[PDB]
Amino acid sequence: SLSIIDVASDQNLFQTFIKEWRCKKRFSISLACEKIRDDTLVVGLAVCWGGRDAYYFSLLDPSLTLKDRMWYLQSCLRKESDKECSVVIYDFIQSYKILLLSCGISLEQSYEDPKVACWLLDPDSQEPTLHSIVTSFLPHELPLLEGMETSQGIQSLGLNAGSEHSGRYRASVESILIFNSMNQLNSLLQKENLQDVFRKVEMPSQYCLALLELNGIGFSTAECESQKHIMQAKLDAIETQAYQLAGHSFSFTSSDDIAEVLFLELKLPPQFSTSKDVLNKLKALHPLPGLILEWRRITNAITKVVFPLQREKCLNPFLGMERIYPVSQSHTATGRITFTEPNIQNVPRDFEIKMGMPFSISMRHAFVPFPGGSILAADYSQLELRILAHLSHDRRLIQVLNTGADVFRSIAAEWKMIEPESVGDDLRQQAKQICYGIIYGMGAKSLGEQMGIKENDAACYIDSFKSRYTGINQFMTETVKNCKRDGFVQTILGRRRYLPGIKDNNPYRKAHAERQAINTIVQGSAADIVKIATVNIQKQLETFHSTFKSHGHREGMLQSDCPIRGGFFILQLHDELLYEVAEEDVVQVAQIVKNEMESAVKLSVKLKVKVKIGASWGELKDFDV
DNA sequence: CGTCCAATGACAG
DNA sequence: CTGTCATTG
Ligand SMILES: Nc1nc2c(ncn2[C@H]2CC[C@@H](COP(=O)(O)OP(=O)(O)OP(=O)(O)O)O2)c(=O)[nH]1
Ligand SMILES: [Mg+2]
């Protein structure tokens, strides 16, 4: 019927509690909540190391100690030294968010997060939940959980549906279930060789993501509003520039309204459709195909970018700047990582604009460091190419990549017209899109589409690039056959993605899976290099400088009862690693970042890392030896 | 019938 | 509760 334990009886009950507790290696933790949402109100933690029994930690109801219990908890939760044990919570970064921000406890020990492992098994799996995992892993214990009906986040986060069950209850059941289940998961991960990949690689990534997510990133409303008004200027100015030819009662937002002037005064339609075709006209025709380009681009640049940023911004009083907080995600098929409260990965790229008298705007420039600080960005120079260069062992690609200069500029130079340089960015970007497309086996006609040429001609260009590099095609067909013989591919770490569709009869599913093996292997392995580089960087930064960890630990300082120095994790652009650092340590931080990124793992070529540095989100790059 | 890859979101019935 | 289109990587 029932087994749970409130731990308070005078002293001795709690005393033998901590006395057993201190001794144990593997153990489980979960917390719970009530109301008032940041929040400092947390009912209490709960701990279970196994069995039907479960232990609760409050914040019937007796009394001796008050702050004492909290000291005991702190002492218990970290790694005195030389003593190495692991700890599990359903999700991680937000529970750690709570422990650090709400109660001011910085948990530091070895970590295991069951949902991340769940993902490590099946990257294609959708967002595991407590019921999902206790269903799939710990069968015999499950029915109890159905008394609640909440599965999304932890049992604290499930406070509403649990509200009738809420209390020590949710935290305890979550604790014990998570423990037995994670013993099952760890068992399955060791049943493969993923465990090394799990505990010694990706959990640290979850951690680094967490202290990032506590850091946030800095923002400037003055710049945001300045460029806002600039975009308004181009908005209305392009409105009148547009309706200078005719205009008839127009507004751009309605495509049926566009159909008037579009289908009337031009008449070239090869509901009807919108995008691809008008890009096709963007190449050749001057009379306002591209007016729709600049307009629609401005529109996406404002309604889907300026607004959520300028909305969910918060301020860090500890700084005196306002900052915005993304969310750690993972759970990609490749193993790459994303962020959503907003997603600032996709933040728009700088582009030129006309009113000589031109102008240019950067939506992203609105991102600023703290007043004393500066922004350090570490870019990998064509990394995925270096990985593929490594596995195919095509010596030619190696030698081409060990030499030329932003080879995309060279491709554009010989392509749309011959210019040595003065290649515009969205041209370089289109060419990049195109080329990276070719490598993964873009279909001949679509390639002919983005380049603007005829099918069979483009196909002859594809056959041409096969002819240029044979190691690529070798490795390609080889890995296809291997994914047939296995039914999965494997990223360098030994994490493997399961492709069901490779063995399928239907030719589209078979084709999509064909390219999919390729991209999952190369990009997946890329994201693994990036992860290792991150956790390495932060791991050195941790002990190498004694100040403290992240801006959240400040709020931890206030709730625990100053200068600004360090460098702090901000963002990842997937081949880029994004830091803000006080302008003291910038050189030290730079060498450390460069070093750890290149020291991630050694391979057939060196991975050159461009390190850009400077004020805000736009920058200059040089370092000398 | 749909043949670059991986992400995130508004939009529509 | 699905597939498009916009951007980035
Ligand atoms: N398949 C594909 N991959 C892309 C595309 N854009 C970016 N990527 C991948 C390849 C490398 C990684 C970073 O791309 P970048 O835009 O940085 O290109 P890069 O190779 O890094 O050069 P640079 O960073 O100097 O622009 O993301 C694209 O349009 N298609
Ligand atoms: Mg790059």
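Above this note sits the structure.
The structure reproduced in this document is the subject of the present report.

**Examining the nonpolar core**
Phase 1 of the analysis: Core analysis: the largest hydrophobic core is formed by 119 residues, its most contacted members being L77, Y380 and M597.
Phase 2 of the analysis: Per-element tally for this core: the top contributor is helix α7 (residues 195-215), with eleven residues.
Phase 3 of the analysis: Sequence-distant contacts of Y380, that is, excluding residues within four places in its chain, are made with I529, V530, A533, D575, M597, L607, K608 and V609.

**What to know about a positive patch on the surface**
Phase 1 of the analysis: Together, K606, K608, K612 and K621 give the surface a local cluster of positive charge.
Phase 2 of the analysis: Among the secondary structure elements, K612 is positioned in strand β17 (residues 609-614).

**Observations regarding the protein's contact with DNA strand C**
Phase 1 of the analysis: Not every one of the 18 residues close to DNA strand C is listed here, only the nearest: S275, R336, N346, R349 and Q523.
Phase 2 of the analysis: Backbone sugar and phosphate groups make up 86% of those atoms of DNA strand C lying within 4 Å of the protein.
Phase 3 of the analysis: A distance of 2.8 Å separates a phosphate oxygen of DNA strand C from a polar atom in the side chain of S275.
Phase 4 of the analysis: Within the side chain of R297, one N or O atom sits 3.4 Å away from a phosphate oxygen of DNA strand C.
Phase 5 of the analysis: Among the elements of the structure, α10 (275-284), α11 (290-312) and α15 (425-439) are those that each provide at least two residues to the surface near DNA strand C.

**Focus: the protein's contact with DNA strand B**
Phase 1 of the analysis: DNA strand B sits among 26 residues. The nearest are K304, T340, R515, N519 and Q523.
Phase 2 of the analysis: Backbone atoms, meaning sugar plus phosphate, form 71% of the atoms of DNA strand B positioned within 4 Å of the protein.
Phase 3 of the analysis: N519 is positioned such that a nitrogen or oxygen atom in its side chain is 2.8 Å from a sugar or linking oxygen of DNA strand B.
Phase 4 of the analysis: Elements represented by at least two residues in the surface near DNA strand B include exactly α15 and α19 (507-544).
Phase 5 of the analysis: Per element, the largest residue contribution to the surface near DNA strand B is eight residues, and it comes from α19.
Phase 6 of the analysis: Here the residues of the surface near DNA strand B sort into eight nonpolar, 14 polar and four charged.

**What to know about empty space enclosed by the protein**
Phase 1 of the analysis: In this model, the largest cavity occupies a volume close to 100 Å³.
Phase 2 of the analysis: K283, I411, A412, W415, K416, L427, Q430, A431, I434, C435, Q450 and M451 together form the lining of the largest cavity.
Phase 3 of the analysis: Elements with a minimum of two residues in the lining of the largest cavity: α14 (407-413), α15 and α16 (444-451).
Phase 4 of the analysis: Taken together, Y90, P114, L130, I133, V134, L177, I178 and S181 make up the lining of the second largest cavity.
Phase 5 of the analysis: When residues of the lining of the second largest cavity are traced back to their parent elements, those giving at least two are α5 (130-136) and α6 (168-190).
Phase 6 of the analysis: Looking at the lining of the second largest cavity residue by residue, the classes come out as seven nonpolar, one polar and no charged.

**Digging into the sheet that holds strand β12 (residues 373-380)**
Phase 1 of the analysis: Taken together, four strands build an open sheet; the order of strands is β15-β16-β12-β17 and the sheet is antiparallel. With one partner strand each, in any of the chains shown, β15 (567-572) and β17 form the two edges of the open sheet. The average undirected angle you get between the axes of adjacent strands in this sheet is 20 degrees.
Phase 2 of the analysis: By the bridge criterion, five bridges tie β15 to strand β16 (residues 576-582) in an arrangement that is antiparallel.

**Regarding the sheet that holds strand β3 (residues 44-48)**
Phase 1 of the analysis: On the basis of which strands lie adjacent, the open sheet formed by six strands has the order β1-β4-β3-β2-β5-β6 and mixed pairing. This sheet does not close on itself; its edge strands, each paired only once, are β1 (5-6) and β6 (110-112).
Phase 2 of the analysis: For strand β5 (residues 86-88) and β6, the ladder comprises three bridges, and the chain directions are parallel. Paired with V88 across the strands is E112, a residue of β6.
Phase 3 of the analysis: The strands touched by helix α1 (residues 12-23) are β1, β2 (27-31), β3 and β4 (55-58); relative to β4, the strand with the most contacts, the crossing angle is about 115 degrees.

What counts and how
Residues numbered from 1 in each chain as written, not as in the entry; some residues may be left out. Chains lettered and ligands numbered in written order. Heavy atoms only, no water. Core = buried A, V, L, I, M, F, W, Y, C linked by side-chain atoms within 4.5 Å. Buried < 20%, exposed > 50% of the residue type's maximum accessible area, 1.4 Å probe, protein only. Helix = DSSP H or I, 4+ residues; strand = E, 2+ residues; numbered from the N terminus. Contact = heavy atoms within 4.5 Å. Patch = residues over 30% accessible without salt bridge, like charges linked within 9 Å, V, L, I, M, F, W, Y side chains within 5 Å. Areas by Shrake-Rupley, 256 points an atom, 1.4 Å probe, with all protein chains shown as cover. Salt bridge = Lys/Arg side-chain N within 4 Å of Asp/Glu carboxyl O. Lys, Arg positive; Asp, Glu negative; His and termini not counted. Charge placed at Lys NZ, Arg CZ, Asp CG, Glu CD. Near = heavy atom within 4 Å. Polar contact = N/O pair within 3.5 Å; in protein donor to acceptor, adjacent residues only side chain to side chain. Nonpolar A, V, L, I, M, F, W, Y, C, P; charged D, E, K, R; others polar. 1 Å grid on protein atoms, 1.4 Å probe; cavity = no way out; pocket = protein on both sides within 12 Å on 5 of 7 lines; lining within 4 Å. Points joined across faces, edges and corners; volume = space filled by probe spheres on them. Pairing = 2+ DSSP bridges. Axes fitted to C-alpha atoms, helices over the stretch in contact; angles between N-to-C directions.

Without other data, these values stay purely geometric and don't point to any function.
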